[PDB]
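Colleague: Got a sequence here, can you model it:
(8 chains, ligands or ions: 2)
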Amino acid sequence: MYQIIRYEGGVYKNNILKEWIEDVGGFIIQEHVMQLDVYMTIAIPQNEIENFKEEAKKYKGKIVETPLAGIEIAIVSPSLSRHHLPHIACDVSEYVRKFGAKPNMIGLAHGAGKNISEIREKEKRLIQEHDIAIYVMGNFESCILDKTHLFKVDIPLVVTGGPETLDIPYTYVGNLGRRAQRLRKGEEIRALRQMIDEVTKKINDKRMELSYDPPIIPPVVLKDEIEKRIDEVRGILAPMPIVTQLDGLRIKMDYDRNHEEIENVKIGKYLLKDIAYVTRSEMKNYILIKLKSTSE
Amino acid sequence: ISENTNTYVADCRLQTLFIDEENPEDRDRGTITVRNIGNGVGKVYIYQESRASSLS
Amino acid sequence: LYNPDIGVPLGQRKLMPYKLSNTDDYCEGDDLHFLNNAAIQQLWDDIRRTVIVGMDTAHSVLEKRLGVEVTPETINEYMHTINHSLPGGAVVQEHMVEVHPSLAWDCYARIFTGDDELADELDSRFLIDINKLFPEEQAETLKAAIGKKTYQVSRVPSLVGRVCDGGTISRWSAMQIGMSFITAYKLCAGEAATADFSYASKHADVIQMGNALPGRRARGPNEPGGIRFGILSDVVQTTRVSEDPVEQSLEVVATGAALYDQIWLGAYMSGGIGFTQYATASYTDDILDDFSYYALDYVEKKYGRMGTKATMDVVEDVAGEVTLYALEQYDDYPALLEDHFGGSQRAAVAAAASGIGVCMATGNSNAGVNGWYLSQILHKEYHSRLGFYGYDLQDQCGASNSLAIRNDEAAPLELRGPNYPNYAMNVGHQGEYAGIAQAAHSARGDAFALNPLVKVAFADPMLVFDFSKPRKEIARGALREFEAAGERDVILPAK
Amino acid sequence: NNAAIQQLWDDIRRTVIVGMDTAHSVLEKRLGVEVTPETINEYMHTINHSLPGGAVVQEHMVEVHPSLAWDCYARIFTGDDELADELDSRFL
Amino acid sequence: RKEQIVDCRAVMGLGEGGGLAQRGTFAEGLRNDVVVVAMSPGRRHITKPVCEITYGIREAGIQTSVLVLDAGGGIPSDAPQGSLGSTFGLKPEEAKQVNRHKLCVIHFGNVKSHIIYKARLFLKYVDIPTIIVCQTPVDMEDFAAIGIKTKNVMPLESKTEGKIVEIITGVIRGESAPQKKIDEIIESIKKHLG
Amino acid sequence: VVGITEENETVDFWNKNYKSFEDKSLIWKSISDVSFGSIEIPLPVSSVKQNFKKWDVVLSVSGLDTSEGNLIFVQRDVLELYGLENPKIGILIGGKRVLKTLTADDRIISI
Amino acid sequence: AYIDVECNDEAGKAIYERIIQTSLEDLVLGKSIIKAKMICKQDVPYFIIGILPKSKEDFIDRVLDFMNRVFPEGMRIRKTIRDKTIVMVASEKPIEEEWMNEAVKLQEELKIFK
Amino acid sequence: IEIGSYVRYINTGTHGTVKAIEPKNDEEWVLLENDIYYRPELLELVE
Ligand code: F43
Ligand SMILES: C[C@@H](OP(=O)(O)O)[C@H](NC(=O)/C=C/CCCCSSCCS(=O)(=O)O)C(=O)O
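Modeller: Numbering: from 1, shown residues only, chains lettered A, B, ... in the order given. Ligands and ions are numbered 1, 2, ... in the order given. Below you will find the coordinate block:
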């Protein structure tokens, strides 16, 4: 119903456009003003897409179709050191961001090495809390092959590495190894696009799975209702105060202090505790909301 | 009918008259609302689609 | 509520990378500075260190005065000798010191000839083959222009022009040519015929990239202020690898901007920051490419590539249409306007497109500059602004000087240059003038613009800078993957 | 083959001496700006940043890489003893 | 050796071949220990001297956040005769995001008169000890001359609530920081943090 | 409820050969998951084999003969076991218990 | 400098050649080093990097910074030999004698490089 | 070090006369003529 896109335009007369979006029933998921241009991730009903395109072309704006602007991705790097973090890992994260997703760098405590690499249970659960996980591996076939125990999560997976083709029982994208320069060559860009296509395919499949038994309320409108009701969400200092997942939300407020308030939020005629699973998150003691399906 | 979309039709006869009242409940099918803030304060809307509540 | 300590964010656009026209490389604006870009420095070094010497008078002296017979075998031996002597090796005078070969790896002495029979039995190591490097029609045109004459191209090391100035190159080549001549043909080391060789190679048969500027300008030869626009058009080698006239003119525009506006004007005649954003405006985004392609489409739709003879009416029509289109594009797309924030950038781009269009319609370079000046004074009325004050000096006197015949004001645009009295001071004009001069000949499908010898000489595959695709090389230099000569690390301590 | 001779010529080539007494007098009288040793020190700081490739309080302007011009300096000297000892010794 | 999770920013970078960070953005490193403040996302600040410090701290085992200032270039409006070229400032949300960290590391440039006043305006709203990483040799007293709290040279009338706890010189903008500078910064952070 | 995700070539088969798979019985429920049919599948059988996932709809030809192509409804995560170019056609999620309880005697009758 | 990598992995060879070149450029060490050869043995995890400098302690420190940058993170056990040719062996396991012998062989090969 | 003495800051060489000693937070501090506190360990007597 609500297809999510990105509007890129100027700040002049942007308030009138926001008023129009409110009038037609859309939601402004994201807003950022750089100097004189504003980027807005907006979720509006499908029957108003052409109307919004006409409105955007009136303000000399630009509509960018974001195929991943409803999910949060766990980019898993073996460590946050100079080998992986300041290059490749950021390129993967920023390319994911370029298509609307909300990434989270996951630097494993013991992810480096060949036979000394291990993944903890807490890291496993933290990765599982996301929608899809992207692994940024090295550039040796033997090292990657002797490292399959790292990619043991019941989440859609895309593994990236140096060698062009791997023989692991997962999706693999080659020519994205451990590097030290910014990814700007044509081959590297093509490999990034291939990784984007793989994650897009997995996300669309999962979207069909969810569409078989739709949730009682969409995550985006649930986030809007929480923002309207809860008055502490504008005091959050995190990058994304409320993250829109595929079938839920992540509220970046303390669980011990605000879970009772979150649960006792009335949407429609239901109480939130009766339609969603509110639980504490392994992510800095935040609140994780998982929506129930109409079957229950 | 001054403005039409796929979700509402609006009237702009009194678009510069202020009101200070909040009634933020669901804009259901065939709901009549008056925008109370912004550039279009005072416009009267009739909604053809079931939409969420709005503070404006 | 007014907090004076919030500050004002600034320069959002300048933080974003600059694409390069007709390429797919993104670079920072700091990497396009001529001091930070080794590719631009190597471009200027390769142009500076090139001298073409006609080795026909010397052969005649050897044949008619010294009674020595000149054959292709003797020429091969001479080439072997000079390729050793020109970098700084010793041929006579026992007990000399020699320059380190590591510092002169870019030093070449090449030979090309319009005589196919002589070019057949010549060592292909030292031969610039016109047949192999140029398409059939272009090769025939170049050979017809050059004739049955033999020329030698000397590329003295870049380190020489970096330690010294540009006036060193001709003298270096002349001394080494004389030495190689007297040691390859077993002549006396010093006689009257030696003076004949020296005079021939010093001025009679020498071709300089740039003339000297004595007097007020006070500069030697082979400086960027002495390079005419046609010479720079002939330096760029896109004409022999591509058939798109707009692409050729735009590569010449990029090279002219990077040479004149950046090096010559922002360093030789100014200093400090220089003029990087004035020059990159003509070759970073496709703005100039889009405007030029629109101009070519309009001209081909109503006139043709050479369908009309240069008259005032066609100049007005084409220049006005292209200027109106360019300014409308600036109005419609705020991205374009914020990219070319300064008025000078915009004025130069629109006027360059208009001049290129007029040249593609008429095939005359002076009509091209006339269109450029009409575009400038039409831009002024359209937006009620032109550029920084001091910009439109030449643009005000331009219309009168473009077709003038008076001594101080008349020159074909190919024969004009940075020493033309109107063009001698201001940025944002000269590279586009060179592009207009090139477009005058790209319309006719000419093999060269002003000098066939320069075109053949810079078609050499052993040059450090690739002049076929100047923008690609500039992008490579901006990305720190261009290898430049003139470095002296074998004679320096480890750091 | 000798970098010492090349640097000998480089150091002579890249030197220009400019007197700053007419500038100070014009600043004081015509321009109505006071000139003090503190202001001279401020000017020396500015010119030392700006001479190699710098652009003062303008991040949007293209600048030369600082490591590319490590040999660039701006120095001051004077025959006035009191002014000489009132000036910063960093660039005197 | 413990897992380190970063909250990546919600907005993308500067174009295709440009930088990965964006002006006026914050990336929380969950457990708030150190925040690295970059004046801008440009090549003069980001990934050449700043992400290097970031990965040095993250290698030392200390979680790091990186905050790119909305307006980090220029001099504050309170500088003598005002500012020129551009105006430096700190937003209240930026100050709150900084103030939840144990320590701050901030990267400054070349001119001394710019650095002192920028640090004064920065510490007018930041109340945690900070480390100044600049290129020029600046003495840990010229800040006190204009009123800044300083560990070694206190002012009589302090105009800031933040303490300049260490000054590290020799880090050039846009150039890779050698391992020696990273080691010095890490040692200062470790000895002035816990 | 099955749902086709991976285009490949077997979905093009399914598009009209699912009605040819109508009224077909269960063939086996062994470690090679639950397969139905068995009707002709002319899609070129490649010995190269690609990994599949839990409760994934698969049209693998069991035995490399066009006529015996099974409607193999994968239950468990199967690594390299099968043949065919890429038998992956869709994913089973809805009614998973139905596919699990399905026995040899039972048929899919109407699709 | 001269860069060559001895590895049986095709992608690893090119990628680590680029890594070596980038690490040399970042430290501005290209003109101060004659040769830089890296031997990649991933089946038994250990890597060897040899450096032949042109012709003080600061240069040596820069060289160890280069080794730290290039070497894979997991190989934390390292030992170096310096007799005008700096060679270091990095592995996740305690260094064996055969690896040291390979290191000295690389050192002697680098010495006679001209 | 006492009031009226002549001291110079070792790091920069600024010359001034000690105005007062104002201990705070169990730590000695030295005030010079420029109304700036200093540390005794970073100051030394000159004559
Ligand atoms: C900042 C100044 C001060 C001054 O004396 N000249 C400046 C700055 C100067 C310095 C910048 C370095 C620095 O530290 O100042 C230099 C490099 C001078 C030079 N050697 O060529 C320069 N400008 Ni200016 N300057 C430029 C430009 C411009 C445009 C900017 C238009 C706008 O509205 O933003 C305007 C000229 C105009 O009004 O038409 C301009 C003005 C100005 N320019 C005025 C404006 C304020 C003043 O009133 O004092 N530059 C541009 O238009 C782009 C090219 C750019 C040149 C450097 C580059 O090419 O990279 C630079 C060229
Ligand atoms: C050598 C010098 O000659 P002249 O200054 O004696 O005319 C001559 N320079 C000029 O003509 C003028 C120099 C100013 C640089 C161009 C200005 S671009 S930015 C300034 C905009 S404005 O505010 O000045 O209008 C040159 O060739 O560079």
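
Colleague: Can you show me the strands along chain B?
Modeller: B:3-4, B:8-11, B:32-34, B:44-47 (DSSP state E).

Colleague: where exactly do the helices run in chain G?
Modeller: Under the criterion DSSP state H, helices of chain G are mapped to G:10-26, G:57-70, G:97-111.

Colleague: Skipping adjacent residues, who's closest to whatever residue of the stretch 51-200 of chain C ends up closest to chain B in space?
Modeller: Among all residues of the stretch 51-200 of chain C, residue C:135 sits closest to chain B, at 59.8 Å; criterion: Cβ to the nearest Cβ. Every residue, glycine included, has its C-beta placed from N, CA and C. Counting by Cβ to Cβ, 6 or more residues apart in numbering or on different chains, residue C:135 lies nearest to residue C:240, which is 6.7 Å off, once chain neighbours are set aside.

Colleague: what's near enough to touch that neighbour?
Modeller: By Cβ atoms under 8 Å, 6 or more residues apart in numbering or on different chains, residue C:240 lies in contact with C:133, C:134, C:135, C:138, C:447, C:455, C:459, C:468.

Colleague: Number of residues surrounding the last one?
Modeller: The reference is to residue C:468. Residue C:468: 19 surrounding residues under other Cβ atoms under 10 Å in any protein chain shown.

Colleague: Of the helices of chain G, which stretch is the most buried?
Modeller: helix G:10-26 (a mean of 20; mean count of other Cβ atoms under 10 Å in any protein chain shown).

Colleague: quick one: contacts of it?
Modeller: Helix G:10-26 is contacted from outside by A:139-141, A:162-164, A:174-175, A:177-181, C:480, E:176, G:1, G:3-5, G:7, G:29-30, G:33, G:36, G:38, G:40, G:42, G:66, G:69-70, using Cβ under 8 Å, 6+ apart.

Colleague: In chain B, which residue sits nearest chain G?
Modeller: Counting by Cβ to the nearest Cβ, chain B gets nearest to chain G through residue B:52 (49.1 Å).

Colleague: now that residue: how far from chain H?
Modeller: From residue B:52 across to chain H, the span is 57 Å (Cβ to the nearest Cβ, to the nearest Å).

Colleague: Mind naming the longest helix for the chain?
Modeller: In the absence of a named chain, this looks at chain A. Chain A, longest helix under DSSP H: helix A:186-212.

Colleague: think we crossed wires, I meant chain F
Modeller: For chain F, the longest helix by residue count, based on DSSP H, is helix F:10-17.

Colleague: Go through it and flag the buried ones.
Modeller: Across helix F:10-17, burial judged by 16 or more other Cβ atoms under 10 Å in any protein chain shown covers F:10, F:11, F:13, F:14, F:17.

Colleague: Just to check, residue E:68 is in contact with residue E:42?
Modeller: No: between residue E:68 and residue E:42 no contact is recorded; they are 9.6 Å apart, counting by Cβ atoms under 8 Å.

Colleague: which of the two has more neighbours?
Modeller: residue E:42 (28 against 25).

Colleague: Spell out for me which residue occupies the centre of chain E.
Modeller: What sits nearest the mean C-alpha location of chain E, by Cα atoms, centre = their mean, is residue E:106, with 1.2 Å.

Colleague: could you say which helix or strand contains that residue?
Modeller: Taking DSSP states H and E as the definition, residue E:106 sits inside strand E:103-107.

Colleague: ok, the following helix or strand past that strand near chain D or not?
Modeller: Next along the chain after strand E:103-107, taking DSSP H and E as the criterion, comes helix E:112-123. Yes: Helix E:112-123 reaches chain D (Cβ under 8 Å from any Cβ of the partner chain) through E:112, E:113, E:114.

Colleague: For the second one, give its distance to residue D:39.
Modeller: It stands for residue E:113. Note on residue E:113: its distance to residue D:39, by Cβ to Cβ, to the nearest Å, is 12 Å.

Colleague: just residue C:175 next, same as before
Modeller: Relative to residue D:39, residue C:175 is positioned 54 Å away (Cβ to Cβ).

Colleague: out of the helices of chain G, nearest to ligand 2?
Modeller: helix G:10-26 (34.1 Å; Cβ to the nearest ligand atom).

Colleague: Measure how the closest one sits relative to helix G:57-70, angle-wise.
Modeller: 150 degrees (axes from the mean of the first three to the mean of the last three Cα atoms, to 10 degrees).

Colleague: Output helix G:10-26 as CSV - backbone C-alpha positions only.
Modeller: Taking Å, rounded to 0.1, in the frame of the first residue of the first chain, the C-alpha atoms of helix G:10-26 are listed here in CSV:
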residue,chain,number,x,y,z
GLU,G,10,44.6,-15.5,-8.4
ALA,G,11,42.4,-12.9,-6.7
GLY,G,12,44.6,-12.8,-3.6
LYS,G,13,47.7,-12.0,-5.7
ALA,G,14,46.2,-9.0,-7.5
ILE,G,15,44.3,-7.7,-4.4
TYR,G,16,47.3,-7.9,-2.1
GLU,G,17,49.5,-6.3,-4.8
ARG,G,18,47.1,-3.4,-4.7
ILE,G,19,47.2,-3.5,-0.9
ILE,G,20,51.0,-3.4,-0.9
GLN,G,21,51.1,-0.5,-3.4
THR,G,22,48.5,1.5,-1.4
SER,G,23,50.4,0.9,1.9
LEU,G,24,53.6,2.1,0.3
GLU,G,25,51.8,5.2,-1.1
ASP,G,26,50.2,6.1,2.2
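
Colleague: Which residues of chain E lie near chain H?
Modeller: Residues of chain E lying near chain H by Cβ under 8 Å from any Cβ: E:139, E:140, E:141, E:142, E:144, E:145, E:152, E:153, E:154, E:155, E:156, E:157.

Colleague: thinking again about what came up before, how about CSV for the helices of chain G, with distance to ligand 2 added?
Modeller: Shown next, in CSV, are those (distance: least, Cβ to the nearest ligand atom, whole Å):
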stretch, distance to ligand 2
helix G:10-26, 34
helix G:57-70, 41
helix G:97-111, 52
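
Colleague: Take the ones you listed and write them to a markdown table, including distance to residue F:50.
Modeller: Listed next are those as a markdown table, based on distance: least, Cβ to Cβ, whole Å:
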| stretch | distance to residue F:50 |
| --- | --- |
| helix G:10-26 | 22 |
| helix G:57-70 | 37 |
| helix G:97-111 | 40 |
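
Colleague: Tell me which stretches of chain E form strands.
Modeller: Secondary structure of chain E (DSSP E): strands at E:4-7, E:25-27, E:34-38, E:64-68, E:75-76, E:87-88, E:103-107, E:130-134, E:164-169.

Colleague: Show me what the longest one is packed up against.
Modeller: This points to strand E:164-169. For strand E:164-169, the packing partners by 3 or more Cβ pairs under 8 Å, 6 or more residues apart in numbering or on different chains; DSSP states H and E come out as strand E:130-134, helix E:179-193.

Colleague: report the angle between the axes of it and helix E:112-123?
Modeller: Here the directions of strand E:164-169 and helix E:112-123 differ by 150 degrees (the same axes, to 10 degrees).

Colleague: Pull out the buried residues from strand E:164-169.
Modeller: Buried positions in strand E:164-169, judged by neighbour count with 16+ other Cβ under 10 Å: E:164, E:165, E:166, E:167, E:168.
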